[PDB]
Structure formats: C-alpha cells, structure tokens
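Asker: with the input below, show me the fold.
(chains A, B, C, D, E, F, G and H)
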Amino acid sequence: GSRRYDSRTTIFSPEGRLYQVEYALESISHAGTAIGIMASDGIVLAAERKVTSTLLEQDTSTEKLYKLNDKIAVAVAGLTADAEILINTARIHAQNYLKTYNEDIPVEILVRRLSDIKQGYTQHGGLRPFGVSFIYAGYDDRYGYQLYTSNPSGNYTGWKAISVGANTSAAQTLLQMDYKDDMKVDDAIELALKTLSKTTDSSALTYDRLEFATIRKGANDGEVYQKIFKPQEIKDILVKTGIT
Amino acid sequence: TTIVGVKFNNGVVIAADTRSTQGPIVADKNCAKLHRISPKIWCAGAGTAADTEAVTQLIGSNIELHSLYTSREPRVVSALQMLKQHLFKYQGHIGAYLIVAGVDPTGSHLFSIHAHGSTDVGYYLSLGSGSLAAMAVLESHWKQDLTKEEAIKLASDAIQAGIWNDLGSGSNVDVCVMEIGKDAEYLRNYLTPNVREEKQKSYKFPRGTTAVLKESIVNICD
Amino acid sequence: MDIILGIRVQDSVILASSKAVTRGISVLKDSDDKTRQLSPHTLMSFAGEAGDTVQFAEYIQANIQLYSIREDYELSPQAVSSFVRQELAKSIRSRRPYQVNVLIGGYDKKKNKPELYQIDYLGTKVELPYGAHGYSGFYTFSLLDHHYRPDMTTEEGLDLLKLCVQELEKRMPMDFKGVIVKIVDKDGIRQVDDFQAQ
Amino acid sequence: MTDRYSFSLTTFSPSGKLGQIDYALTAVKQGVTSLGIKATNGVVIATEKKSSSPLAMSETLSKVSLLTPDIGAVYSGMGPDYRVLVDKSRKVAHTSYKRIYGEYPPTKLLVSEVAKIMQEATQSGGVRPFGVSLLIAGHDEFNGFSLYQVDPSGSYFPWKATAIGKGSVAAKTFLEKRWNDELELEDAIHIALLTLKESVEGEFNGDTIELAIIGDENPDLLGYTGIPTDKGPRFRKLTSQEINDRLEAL
Amino acid sequence: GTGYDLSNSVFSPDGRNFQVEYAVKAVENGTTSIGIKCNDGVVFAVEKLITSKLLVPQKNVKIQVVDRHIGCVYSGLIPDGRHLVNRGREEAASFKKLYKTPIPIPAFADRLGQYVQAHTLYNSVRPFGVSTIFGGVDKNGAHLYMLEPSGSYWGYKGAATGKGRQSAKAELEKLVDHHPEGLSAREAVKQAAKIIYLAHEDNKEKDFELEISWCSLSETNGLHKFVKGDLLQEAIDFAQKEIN
Amino acid sequence: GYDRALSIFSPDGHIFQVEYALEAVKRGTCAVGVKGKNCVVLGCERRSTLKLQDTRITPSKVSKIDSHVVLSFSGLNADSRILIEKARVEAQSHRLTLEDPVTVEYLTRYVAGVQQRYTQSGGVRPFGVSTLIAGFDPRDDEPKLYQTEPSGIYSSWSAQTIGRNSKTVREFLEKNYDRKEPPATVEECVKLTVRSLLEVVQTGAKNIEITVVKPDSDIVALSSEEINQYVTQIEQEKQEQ
Amino acid sequence: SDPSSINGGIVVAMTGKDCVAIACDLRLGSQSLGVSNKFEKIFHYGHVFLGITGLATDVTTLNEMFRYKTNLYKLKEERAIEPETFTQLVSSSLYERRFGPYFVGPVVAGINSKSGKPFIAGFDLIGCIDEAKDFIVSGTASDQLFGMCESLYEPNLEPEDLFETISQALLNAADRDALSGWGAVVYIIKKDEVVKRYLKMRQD
Amino acid sequence: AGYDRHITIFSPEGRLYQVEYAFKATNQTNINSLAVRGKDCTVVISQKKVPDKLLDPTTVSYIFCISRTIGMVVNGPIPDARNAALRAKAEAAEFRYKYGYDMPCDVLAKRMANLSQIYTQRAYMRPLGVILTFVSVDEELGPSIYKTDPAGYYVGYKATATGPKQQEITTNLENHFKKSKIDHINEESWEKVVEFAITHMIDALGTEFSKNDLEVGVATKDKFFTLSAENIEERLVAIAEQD
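Answerer: Numbers count the residues shown, from 1 in each chain, chains lettered A, B, ... in the order given. Sure, the structure comes next:
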C-alpha cells in the first residue's frame, strides 16, 4: 500500500514542528550567504556567488539576485531552481497585479503572495517545501523602500538590513552591530561588503564570488532605480571598499 | 488572391501573388503568402491569411518536432494529415485554404486542402480568387513531365492571369521551387510587372506646414 | 435610460444620479440611489442593466474593501477604475455580460486630487473633468464644454450641474424624479441633499 | 491504479539534503564523462559514444542532440532520461517560445525552462529526479554563444567550458589548465579531443566519440534557399570523419 | 531488502510479484475445474462443492457465459472472476457494438489479459485471486483459454484449474493421447465428468455437485450452453461407472 | 489529489497532529486579550528572538479582519495568514451576502470549522495556530472575546491569553481580572493587560504590542510610549511596595 | 455595431529615413458622440511602440496584456523586446483569440535596436501580419489614409519631413472621417530618441 | 528508507532496482532469441518451447507482428508481451493515422522506450520486466534492428540476440560479424538468413532445434511475417544439408 512510501511531509512534530521546514531551513544554512540592507535613500543587495570556479561563467550567471519587477528584485537563499519558479510566479502575480490595477504591487502583497505559496506546501499536499528563503528588496509608494524576507515556512518579516545563508548570526551580529538607521546605500554597500568580506567563508571576498545589486531612487529620478552591478563594477566597488 | 502549384518531373514548384487586400482595398501591395512548413515542405494559403499563417506556423512546428522526434525528414503527408485533421476539427470555421507541396524522402508531393479537411492531389494545383484564371492556364498549358523551367514558366503565367485578370490577384510574383534532389529556393518578387510609375509630382512638404500644439520627447530606457 | 452624472472640479468630484426607478409603465422609486461607495474617497455611480447594475456594483464594492482591509489601505481610484474595467472586460465577454455604465469619482489622497473615471459596460475607461452615460451627456457636454473650468469650485459646478440638469429636466423625455448629488473630495464622500432647489 | 503517490518523493534530510538529487548526482557522476567548451567563435560539446556491444549500432544512439538550429544538448547519465527531456525541451521550445515568438529561445530561457522540468521531478510526488545532468550550448543573437550546465537539482549556470560525468573532474582540471578566453573553436575542438581522450579508455575515434558545435549558421543545412534572413543552423554535429580527421590533427 | 511481496507492483529482488504468486495460492485452493476444446468446440466442466443440504441444487452456478458464444469458468474467489466476467461481458458488448460481430475468443482472450495484468501494475491494485478457463466457438473454430492472475493465458488443447488439476491434467494429457484426432463434444462431455470425479478425489472428503457447460459449433451451433439432464446425467453415470 | 489522512484517533482516541499543533501554539509567542467594560484590548509579545527588523512593514501579530472585528493568534505566522485571509473574505461575503458585517461570533464559528474541518479533512495538516478574536458586533458595543485553537473550538472569555506561558499570565489574569468589574477604562484594561504582559514578556516595551477595539469599528493599536507609560506606571505601583 | 466602428479613431505608422513615425488621433467617442479628445491610442514598450485602432476597451485591455507580457518577456530576457519578436507575440495573442477575437487594428512599429533598423508592422484583428516598408494604417479612416499615404509617402523621409508628411497625411485624413478628429499625437522615433508632438486640427 | 528497493527512486548509489529486478523477469521465461539484419531483410529466430501437450503450441509466440511492416519479439513475461505489443500496435496505426505513413521501426522503439522511461521515473507505475526487440525493413533504412529495455533504453543493432545464453550468441555473431566485417548478412534470401541464424543459433546454443523448438519471424520489405513449422523445417532441411 502507498502508505509505506509517504514521508508524510506536513505532519507535525510531537512538539508541533515540521521537520521538512526545519530541514529546508537547514539547507538554507548551507546556502550561499546573501545580505541586503534598506538604506535611507535606497536598498542594497549583495550576495556571495557560492561554489565558484575559473571556467564558471560569471557575467550571465545569476544564481541568487533576481528581479521580480523594476520596483521589486530579490536575492535568493536556497535551491536556485526552486526560487526561479516562485520568481516567475511572483512576476506574473505582480504583472497581474499591475495588469489588474495598472499600478505596481506594494511589496508585501507580493511577499505575502509567495509567503502563503510556500505555506501551501506547508499545510497540505504531502509535498516537500522549497529549500529556499528570500531577501525581498522593494520600493513602494507607501513605505518607500521595503526590505522583506521569507522562510520556507512562509513566515516573513521586514528589515532595515538582513542576511541569509551561511554566517547569518555572524553577519546579523556584524550587521546588528554596524548598521545605523540613516546609513546611505554606499555605506551599507561597503558595510555589507565589510560584513561580506568578514562573513565570507572563503579566503577573499571577490566580485566573481559575488552577486550584487541596489535599489535606489537616482539623483535624476522619480523612477526608483534598481541596478545589478556588473562583475567589474562589483570588482570596481570591491576596490572602493579598500578590500581591493 | 491566386496561389498555384505544379508538380514537375523532378519535383514541384508553387507560386502566388504578393497582393494582399482588405476588401476592395489592397492591404499589402507586397506580401508573402508562401511559407515554409519544412525546408523542403512549403505551403501558401488562401482564405484567412491570419489563419493560413497561424496554422502553418503551428503545423511545421509539430512537423519539425515530429521530424526531430522521428529524426527523419518530414513527409508532406504527415503535414497533409495534420491539416485536415486539424482543420476538420474546426468544421472549416478556420477558413484557410492550402496548396501544400514538398519534396521529401518519399518524393515530391503536391496537395490542395480546404478549410473543412477536403484534401486533393494533382500534378498542378491553383487556389484563390484568380485560380480559375490560373486553372485555365493550367488546363491549357499543363502537360505531363514538366521541366523546372516549364514548371517555372507555366506557373509564372498562371499567376499573371490572376495578376492581370483577377482583382484579388496582382502585385508581384512569389516562387518557391521545391526539387527532390536539391534545397528549395524561395524566389521573392520573382516577377514584378506591376512596378508603380514615378509619382507625377513630389508632394513632400515644406517644414512648418503643420501646426504643432505641443512637442515632447518620449523617454525610452529607464 | 437613467442618468449618471459626474464632474471633477478643481479639488473635488461631484456625482449626480437620477433618482427615478422604472419597471415598464411604473415609476417605482423616485428616492433611489444609483451609486455605491467604494471607499471613503471612492464613490461609484452606475446605470445599466437592472439586476446587473446593482449586482456588479455592490460586488465590486465588497471586493475593494476586502482588498482594502486586506492591505488596511484605501486605493487610488485609478487602480479602482483600472480594476473595475477589468471586470467589465471579462463580463462583456462573459456568458451574460453586465450592462452597466459607471462613473467612478474619487479623490486621490496621494495626489490630493479628485479623480473622475468613466467606464462603459464595454469596459472602456477614461478619466475626465466631467462625464455621463447614454443620452445624458448628449445635452450636457455642450454646457460643460461651454462653462467648465478645472479650477471651478465645489459650489460652482453644482450650479452648472443644475443648469445642465435643467437642460435634461427640459430636454429629456423621461422624468428622472430628481437627482442625488454627492461629492468626493479630500474629505471623501458626502451627499448634497438640496439640489433640485439650489 | 490511480497513482496515490502524490507526495513529494524526495524530502529534506535532517541535514537538510535531498538524497535522490544527491544520488542523482551520484548517478550523474557515474555518467559517461562529457564536456563542453565555449570558445570565441563558438561553443563545442563532446562526449564518448558508448558501445555496450559492437552488434549495436552506435550512431543509432545520439547523446548529443540539437534542440534548436542554434541549440543542442548533451548529458552524462542514463540515456533514457536524456531522451525524453530532449523531446520536451524541443517541444516546450516550439510551444512556449516559438509558437509564441516564432523563433528559437535564447539559450538561457530554454535552459531555464528545461531545468524547470527537472526541478518539478524533484518536487512533485510519484516521480523521481532524472538520472542525468546537461551540458547545453547555444548561440543567440544578443547573448551570442553560451554554454550551460543543468543538474537534477534543476540548477543551471553558465560556463566558459566544462565537463560532466566521471572524468569531468580530471577533465575540468585539464580544461582550466588549457582554457583561455581567446580560444577559437577549432583549438577548443582540438582541446576537447585532447581532454576527452583522457576520459576515453577504450577506442578513441569518431565512431567512439560524439562531437558537435554551436557554429556559424549553415545555409547548406537550411535545406532551402532564397531566404536572406535565415542563413541556417549554427549547430551542427561532427562526422567521425571530421572527428578522425582532427584526431589526426591530435 | 525484504517485504517485496508486501506491495503489489513491486519487483522482487529476482524481479517477481509475490502478491500475484500469492494470489495464485488461493487459485489452487479454488475449486478444481477444467475445460476441453473438443473437435468443433469447447466444453467447460467444474465441480460444484456441496457445503450443506441447505444449499439448493443447481442454483448457485459457477460457469459464466460471456456474450452468447463464450462460456467462462474459474478456480478462485468467485466474486473476483464474476467481477472480471462482467468486464468481459462489457468487452464483447463494446466489441460487438463496434464490430457488429460476436468477439473472437482470442480477441476476447487478449482484452482480459491486459485488464488482469493491469492489476499487476500497481501496489494498490489487488491482483486477481482467480484463474478463468474460458473460450467458446468463434469465427474460426473454438478456442480454450485459461488466464492466470499473472495476466498469462494460452491456447489449450485442454485446461484445468483449482485443486485437482493434476488428476485432471493427467486425464487431459491422456485424452490428448487417447484422441489426438480430436474429441466429440459428447465424449468431451463424458470424459470431463470422469476427470472431475477423479479431480474430486483430492477434495473427496466432501460431497459436491457437477456442473458442465459447453460450446459446440455443431451441437450448440457455436452457442455456449450447459450440459443438462440426461446427457448431463449420462456423463455422470458414464463417469460414475468408469470411476469404478 | 493527496488525500492522506493525517488527523486520526489515537489508540486512546486522540489526534496528535491536533495535539502537536497545540505545541506550536504554545511555541507561538504568547498572545493575550482582555475585554474592558466597553472595550477590548489585545496584548502581544513581539517575537524577540530577533531585532533590527523594520516593525513598520513587518505585520502586527494582531490583525483586523473587518473594521469592527479583529483577530490575534498564537502559532505559525504562516497558518494564521490563510486563516486571516478567509475570514476577511468571509466578512466581506457576509457583508455582501447579508447586507451586514458579521457578528464576531459568526466569523468566529466560521473560522473554527475551518480548523475543525482540516482535522477530519484528509491530505492536509491542521493549522498550528490558536487565535483570539476581538470585535464589537454591528450596532453593539459589547466586548466580544473569542478563543480558537487548531482543534477548531471557540468560546467566550472575560479575558484570555494564548501562546507560551499563557497559563502563567492567565493565573495572573484569573485573579487580576474580575468579572464583576471589567477594567472599564481602556487604559486600566490596557494597564491590567501590560501588567499581565511583563509577567511573561520579561521587560520590554517594543517587545510588547497592543491593540484596542472600541465600538463601531473603532480599533486602535498602541505605541510603545503609550505602552511604556503604562509599563512605567505598572512598575512603580509594584516598586512602591 | 462594428466594434471597430463604435470607438472609431485611427492609427498610422510610417518608415522614415532611419526613423519611424507613429500617429493616431486623440479623439474617442461612442458613435456620433465624441468622448475623449484626451484619449490615446498609441503605447510604447521599451523602444517598441504600439498604436491600435478598434474597440477601445480591447485596445485598453490588450495594451496591458502586452505590457503585462513584455515585462515577463523583458525580465526573463533581461532586455527589451524587439518589434519583430513582439510582432509574433501580438499575432499569437490575436490568433489565440481566433474565435474569441478582440476588435482591434493594431499597428506595431519600432527601430530594431540591434540592426539599428527602422521597422513597422500592422495587423488585422485576428493577427494577420501585414508588414510594409513604407507605412501602416489602421482605423476607420484607413481608406483615407492610403489616399494620403500611398500618394504622400515616399521612401526614407527625414523625421520632420516624415513628420510633416505623416502629419498632413493624418490631419487631412482625420477630417474626412467623422470618428477621427480631436487633436493628433505623433511619436517621431529614432534609434536613440522618440519625439512626441501634438497637432492642431479641426475639433469638430 | 529501504523502500527505495521497493519503488523507483535513486539508490544511495543512484540506482533503480525495481528496474534491475525487472531485468530479471526478462530471461525469467528463459527464451534465447536473436535478430539479424539480412541483406535486404531482417530475421528473428527464437526458442519456441512448449511445456505441455494440453497447451495450444500455435498460440505460443513471443514474436508479435506490430504492423504490416513491423514485427516484434518479446523477452519476458507473456502478459507484458501481450501488454506491450498492443501498446505498440496502438501507436503505429495512430502514427500511420496521424502521420500518414507507417511508423518507422526505431520511432516505435523510441516511442515505447519513453513509456518505460515514464515507468522508470513514475513510482506507482511499475515498469515491465520485458525486453522488446523491434525489427522490420524500413523503407529508408531497409533492414533495421532495435531493442528496448525496461529502462527505456534502446539502440540499433547490426544484429542482436536475447535470452539467457544471449551472451554467447552475441559473441558468436560478433566473431562472425567481425569475421564478416559487415553489419548485415550478405544473403539476399532471408531463407538462407533464417538458416544462417538458426545455424548460429544452433551454434551458439550448441543445441539442435526442431520445427516446434523455434519461434521464427521474417521482416521483409513492407511486410513482416512469421514462418510456419514447415518453413522452419524447410530451413531445418537445408541446414541439415550445408551442415
């Protein structure tokens, strides 16, 4: 009978826990460290390209930092594949929302959108969750810049800054140490890069080992501008940190 | 519209006008109604041009897939099948009409189909408005064992008959030769007797002739 | 048909609706409301198919609040107009399409601006200084084209309204049994009770 | 009957792992070592044609297969898994892209699309991940040549060059040794020969080996003439001759 | 490992399904029953075990007919074959509905074997606990088939199933040698009767009843029908003599 | 398609999945609410395990289902959201269908079944969230306090807490609250709340988050300052002795 | 009851020299009633622009749909769409409606960014692809348009000449349709830039 | 855990034992069969074993005619054979129906292989423990040989055999074919090719065969068919002459 074979994903711990969720979180520990910060003027996105190599092609490669919308891009902690699913969906969802209201989605709506979607696997289906969590970087009309997060459990919060993947507590400490509310993006940039270089598990923090992006309302603007830095640009700003 | 095709000795060639119409009004002075189903299987269409193109794109896609899936060269019949198989399902409500032909491992093939799944086959085929004009040209000058040029020449003129004597047919001459041995050749505007004379006057305007309420520059990038 | 009237003046939107109700020969209700409040700053007026024009209206009304309370937020009429059209866009191609023709008056807070959208049952949307439905505008727009100025105050259009109403009062064959006059502004929605005498 | 396995078959380990994937990787690593190289002028992929019997006709099995006239694929792993994915890949490309856009998707999306499938196997119940990983090379107008590697994780990333299967480590090792940016395909072609030669144990020749490139468009292969815009497929498969030709050039 | 049997569709380490093999267990346990293809046609013979006097003679009938030309009989759990039989009755109906002809025995044979095998294909599908001897006269002669829960059936010069099949298979083999010519349905009737009693000697511990049916291109014209009355009683005493 | 029955009577007739959901409830950060004479107040401890969060954009542990009716809970923030969702639809539905917003009970009974369903529902686990429901009925100021739990059971409470340690503060509340005298003043009701809060919260203002429903869709959440001021006052009166 | 005729209004594209000019009137109306002189029938995606004539709500609706799709495209693409791709997209979308069809005249024009080439295209309502190298016209006054364009047009005008050309072409044609009127907008479109203009006209 | 044995999922080694066990049920029926492309033709020879008189021998075949052109021989449980053949038979007509021409042999195999591949990946589906052998004279490919496994894996063959002693027959032909260097038999008449194979069948099996002993089928241009015992014996006659 089929019963033999069910891992019974959604069943509660005797303590009321979901080990898959637990273990998904656990794989996320193994995920490449990814960090994001809501500055006063913008939001910074930097994450470590994990498991890199020489003939690994960096430029086209994005394994972490993906753009759902021009006001919403995200960093990914988890299976690259799984997120891309949710990535695509959210985009549509936003696009739908856009196509619904001709207006961009307030980030949480999209966030909570994916939140319950993860939660979909959580409470039903016998289906494994995604081993993925996210940095949600978004700008809205309402709260302006918004930095959110999610966990495979779908539980999700806002942040002034946040880190995911490995070394989170370390980063969190460094972040919860060094952060201050009024920080400008470029400060947070290096600050992360500082945190990154330090929380870097490898020897050196290098562009080719990183994905980086920013959400910023430019100086000539009224269009809050997302940007992913090119490896060189990353490598360039990598120098600007003095990290060189 | 006049679309034609003629099996010749070593293969088959098709032809159609470049004239596209909206009712009395020429929609496109020069269009292409000929379309590749597969490199060696080509078709042009009559009735709804959208349909003709639309379904054609679909089928060849399958054909290609099927061809890949078979890893063998397409066979006109399978397309021929799918079409009616496709079309007949729509009860002809997709009004496309097809002269479909192609050379394949099985050989050269020439086929006509109508919206409802009616499929016909013969050495020579013409469809569209002026097809009758062509069909005349066909019935008169078709003989068995046509050469390439015979196929070229005969098909050449049948189109013209439509071009000249059919209002829906005119503009320029499109030719796709499909020969068993070789690659097909698509001859666009193969014949263009219809060249418009130079305008008796240049109507170009002096600038400032127009009143501009307002001007602005549309941003492109972000 | 009924009479759905609206105007976006400088700082506010005024919405006017014929108060009559007719089934065949009889005028059932002369006191009727033909409008529904979507939000404090979003009011929607509508005329069209009897059951539908009610059903669709309230239907949408719940929807927004639902979203609204969901996000604990009052939407721009723009989105609302955007939204509503989408419904019509479906419904017009639905099995039994709504026949409904709406004015969404609204005051964008974020813009601090009134907003007046017209959408047909076809689901064609436009924001206007002023608008109508069916035979309504056919008399009026002239006066509006004549008199209207954007700056025109809350009180002013009302007069212009009454004139336009009077025109309809005069030129329209069917008695509309008075009109309701409501106003969307920064304060959102309120009904002016006294208009036929004004 | 009535598949009652609706529940995800692979589940996160107490360690947060997906063993089937890991075991797929295991099986993938078991796969016949197969490589790919993205050169300046183009990209090449290569693998050893595996004969489990000379009675069997190797050519009748194709480990490299064109997905689009500019895109073709190769794997290391269970042939059958590779087989069906090809069709879907082929199909989804037409459907989800061409039958929409009338053309052949940029290498990434198709890759992104393919990997999507493999993920689904990992997640949806009743199914197991596939026994292969994929080296995929394609040229598109804007991104030009590109080379991708997709896992049963459904993860995919670009390469300058790479190899999958057993000797791939040793290969990639030698690849990194050999590879530069400015490698032209032919040298890269020659390079692959050199490289795969190592992963090759028994006979090494075009009849033992499977080579194909993403090259310049091939009007001859277009199967017809008269269309200026379409100059034919960039992909091609290489003949044992051409192979053995360059195996002289060894 | 172990427990491969514990789920149907599972392959044993040697690549087998023990469930079916276990289903085969009760098949043997199934009442011994036989079938014979005579010269023109076939004969179906089955022992009817008398559990008690409260049983009403002739009433509970084992051999079941499909269409009008096809009789069927099975050792195993009665409701199983019955359930199956109905499906066959369905099959021919559809077949004839489509083909306007009564179905060829082999045609009919094939369709079932699939449906049985279907129950080998899923760990949730309980294989069949029966093996049906079945056949009849068709366009070309008759045919004699016995289908196993394995999804395997064959053409049978003679067929037997259930407990006493050995005693049967003995006698069948004999008549093959006794009559490589063929056999008259009458003798086919008669001999089976002996065989049954002989087959009953395994189950000799209890009294039984004898049910025999037949399909004769000659005598039933190709219909399938029971043996009844004198001719029935004939073969009885014919055997009841010969049994001594 | 996944029907598998997770919720099943134990040998002794229990559903541990339910019983385990109770744990995530307990595991869930404590939540509490009390109904003043005219009013109801909802205390919640912010999960304090982390900080540096933006609390503005981070949702409140308490949430409004409808202008006159709010809910708070303890359990997985996920499970709530769905529960949070359907109820919101429900009210609007009731609003639409019945030309009227729900009675607090009505949605309460509604939400209960949803849990209660997923119990004898197959192929799904129950929620891990127990909830507290607050609101004043249409045209009724009266405090309506409802406690639900993944077993889908609801009830009215003079006051109630849920989550971790709720027993502790409950004991506080059980004695500290008096039915004969609801803390009529919102503040004193809030006060009694915060008093009960620090009994668990262990010294935080931000750690605490407060919300008050008044009649006629009057519902307000309290700022840490307002909170702290009570925190301050409460401490004093304690310190005073 | 032609859903095309109910809104009326018209759209035209042209191929200038190394440029393209798209135009539509600004008028909207129900039958003889005009409604929005402020209505706009052209839209733009990245560097690729779309004017459409027909039933407006469709145009409105579709306008999203592509904007909807374009992003999904572009985001996946990580780049803007080229028209000819977008061309297929439209026809696909339309013929997808083959028996559900919108009432639309859509006209697509842009400058291919890679080739730097100007481009135009135009469609029926079910997505028949009409591509010309000169001008594409859509809307009730299309008949007028050819009269203007096929006469006025000449290859590779300079944008303003092109502008001036398409202008009087549009303007004059507009008056000769009842349903088209109330102002006109033009996007003068170059590889880099696009110029928007408004054109005085008869407001009757 | 250990259910990986029971179901289809990668072993810790990434293996499918249900598949590999299905590989057992292949030779379970213990029939050594072979297939060879002749010059123009293709011939399949197989053991026809009749355990019982009471059987109808004629009803016993693992060689199935899938199409007019395509016959197929099966190695494994007769039900799966009876199962699979129909599946194939369904395809060709539908292929023929859909595609206007009869399915070339490989395509079938390619098609059928997918199913196993499906069963391979699908859990509730068990695979079938049969190995399938697809031959016919393909108008484009002439003689052609295709053999599929429960794994969904298949390939062309110059020639191939199947059975317990398949290994040896393999060797014999390899030797012979290496000796011949040519993929297919030079013999024009399948008759010889039949006798040729039976020879090498008798050879590599070291076992003589009577007319009943062998299951035989003949792929010809546009037609597949199977021989009678007479034809068999007829071949058995001449083999007794040459040998």
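
Asker: the residue of chain C found nearest chain A: what secondary structure?
Answerer: Relative to chain A, the nearest point of chain C is residue C:79 (3.6 Å; C-beta to the nearest C-beta). For the C-beta atoms, the positions are set from N, CA and C on the backbone; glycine is no exception. At residue C:79 the chain is in helix, as set by DSSP: H, G, I helix; E, B strand; the rest coil.

Asker: so for chain H, the centremost residue is which one?
Answerer: The residue lying closest to the centre of chain H (C-alpha atoms, centre = their mean) is residue H:133, at 3.0 Å.

Asker: tell me where chain C has helices.
Answerer: C:50-71, C:77-92, C:135-147, C:154-171 (DSSP state H).

Asker: pick the most deeply packed of the ones you listed.
Answerer: helix C:77-92 (a mean of 22; mean count of other C-beta atoms under 10 Å in any protein chain shown).

Asker: right, is it up against chain F?
Answerer: No - Helix C:77-92 lies apart from chain F when judged by C-beta under 8 Å from any C-beta of the partner chain; the minimum separation is 14.7 Å.

Asker: just to revisit the earlier point, does the residue nearest to the centre of chain H touch residue H:154 like I think?
Answerer: No - counting by C-beta atoms under 8 Å, residue H:133 sits too far from residue H:154 to count as a contact (9.5 Å).

Asker: gap between the residue nearest to the centre of chain H and residue F:19?
Answerer: Between residue H:133 and residue F:19 the computed distance is 58 Å (C-beta to C-beta, to the nearest Å).

Asker: using the three-state scheme, assign residue H:218.
Answerer: Residue H:218 ends up strand, using three-state DSSP.

Asker: tell me what it is bridged to.
Answerer: residue H:43, residue H:225 (DSSP bridges).

Asker: the strands in the chain, which residues?
Answerer: Picking chain A for this. With DSSP state E as the criterion, chain A has strands at A:34-38, A:42-48, A:65-66, A:72-77, A:133-139, A:145-150, A:158-159, A:161-164, A:210-217, A:224-228.

Asker: my bad, chain F
Answerer: Along chain F, the stretches classed as strands by DSSP E are F:31-34, F:40-45, F:62-66, F:69-74, F:130-136, F:143-148, F:159-162, F:208-214, F:218-222.

Asker: now those strands in JSON lines, with distance to residue B:152 and mean neighbour count?
Answerer: Listed next are the strands of chain F as JSON lines, based on distance: least, C-beta to C-beta, whole Å; neighbours: other C-beta atoms under 10 Å in any protein chain shown:
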{"stretch": "strand F:31-34", "distance to residue B:152": "87", "mean neighbour count": "29"}
{"stretch": "strand F:40-45", "distance to residue B:152": "86", "mean neighbour count": "28"}
{"stretch": "strand F:62-66", "distance to residue B:152": "78", "mean neighbour count": "24"}
{"stretch": "strand F:69-74", "distance to residue B:152": "81", "mean neighbour count": "27"}
{"stretch": "strand F:130-136", "distance to residue B:152": "82", "mean neighbour count": "28"}
{"stretch": "strand F:143-148", "distance to residue B:152": "84", "mean neighbour count": "24"}
{"stretch": "strand F:159-162", "distance to residue B:152": "88", "mean neighbour count": "27"}
{"stretch": "strand F:208-214", "distance to residue B:152": "86", "mean neighbour count": "24"}
{"stretch": "strand F:218-222", "distance to residue B:152": "85", "mean neighbour count": "17"}
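
Asker: same list (those strands) but as TSV, adding distance to residue E:25.
Answerer: Formatted as TSV, these follow (distance: least, C-beta to C-beta, whole Å):
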stretch	distance to residue E:25
strand F:31-34	60
strand F:40-45	64
strand F:62-66	61
strand F:69-74	56
strand F:130-136	53
strand F:143-148	53
strand F:159-162	57
strand F:208-214	68
strand F:218-222	71
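
Asker: of these, which is nearest chain D?
Answerer: Nearest to chain D among the strands of chain F is strand F:69-74; the distance by C-beta to the nearest C-beta comes to 26.1 Å.

Asker: and that closest one, what does it pack onto?
Answerer: strand F:31-34, strand F:40-45, strand F:62-66, helix F:77-98, helix F:104-120, strand F:130-136, strand F:208-214 (3 or more C-beta pairs under 8 Å, 6 or more residues apart in numbering or on different chains; DSSP states H and E).

Asker: can you list the strands that that strand pairs with?
Answerer: strand F:62-66 (antiparallel), strand F:130-136 (antiparallel).

Asker: got the CA coordinates for that strand in PDB?
Answerer: In PDB, the C-alpha atoms belonging to strand F:69-74 read as follows (Å, rounded to 0.1, in the frame of the first residue of the first chain):
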ATOM      1  CA  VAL F  69     -13.600  43.000  14.200                       C
ATOM      2  CA  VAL F  70     -10.000  42.000  14.700                       C
ATOM      3  CA  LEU F  71      -8.100  38.800  15.400                       C
ATOM      4  CA  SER F  72      -4.900  37.900  17.200                       C
ATOM      5  CA  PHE F  73      -3.400  34.500  17.500                       C
ATOM      6  CA  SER F  74      -0.500  32.300  18.600                       C
END
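
Asker: who touches that strand?
Answerer: The contact list for strand F:69-74, computed with C-beta atoms under 8 Å, 6 or more residues apart in numbering or on different chains, reads F:25-26, F:28-31, F:33, F:42, F:44, F:61-65, F:80, F:83-84, F:87, F:91, F:101-102, F:104, F:107, F:111, F:129-136, F:144, F:162-164, F:166, F:211, F:213, F:219.

Asker: where exactly do the strands run in chain B?
Answerer: Remark: strands assigned in chain B by DSSP E are B:2-8, B:11-17, B:20-22, B:25-28, B:34-38, B:41-46, B:97-103, B:108-113, B:119-121, B:124-128, B:173-179, B:184-191, B:212-218.

Asker: and the residue nearest to the centre of chain H, what does it touch?
Answerer: By C-beta under 8 Å, 6+ apart, the contact list for residue H:133 reads H:33, H:35, H:44, H:72-75, H:145-148, H:160, H:162.

Asker: residues contacting residue H:55?
Answerer: Taking C-beta under 8 Å, 6+ apart as the criterion, residue H:55 is in contact with E:154-157.

Asker: partners of it in the sheet?
Answerer: Beta bridges link residue H:55 to residue E:156, judged by DSSP bridges.

Asker: go on, residue E:144?
Answerer: Residues in beta-bridge contact with residue E:144 (DSSP bridges): residue E:135.

Asker: ranges for the strands of chain G?
Answerer: Using DSSP E, strands in chain G cover G:10-15, G:19-25, G:29-30, G:33-34, G:42-45, G:48-51, G:107-111, G:118-123, G:129-130, G:135-139, G:184-190, G:194-199.
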